[PDB]
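Colleague: need a structure here:
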Amino acid sequence: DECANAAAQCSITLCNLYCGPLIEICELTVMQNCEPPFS
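Modeller: Numbering: from 1, shown residues only. Take a look at the structure below.
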């Protein structure tokens, strides 16, 4: 999925692109593994 890839890519800019509700767990995971907001 794109939402999955977005998290795997450590990007908020991808997270929001498709994750909808999962934006939260997406951003959360990206926080968890990485230093968002992605550039």
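Colleague: any chance you could map the helices in this protein?
Modeller: 2-8, 12-18, 23-33 (DSSP state H).
Colleague: Just put those helices in CSV and tack on mean neighbour count and distance to residue 39.
Modeller: Quick note: C-beta positions are derived from backbone N, CA and C, even for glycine. Converted to CSV, those look like this (neighbours: other Cβ atoms under 10 Å; distance: least, Cβ to Cβ, whole Å):
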stretch, mean neighbour count, distance to residue 39
helix 2-8, 17, 15
helix 12-18, 17, 9
helix 23-33, 16, 13
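Colleague: and the gap between the nearest residue to residue 16 once chain neighbours are set aside and residue 9?
Modeller: Computed as Cβ to Cβ, 6 or more residues apart in numbering, the closest residue to residue 16 that is not its neighbour in sequence is residue 23, at 5.7 Å. Distance, residue 23 to residue 9, using Cβ to Cβ, to the nearest Å: 14 Å.
Colleague: Likewise for residue 16?
Modeller: Counting by Cβ to Cβ - residue 16 and residue 9 are separated by 12 Å.
Colleague: tell me the contacts of residue 29?
Modeller: By Cβ atoms under 8 Å, 6 or more residues apart in numbering, residue 29 lies in contact with residue 7.
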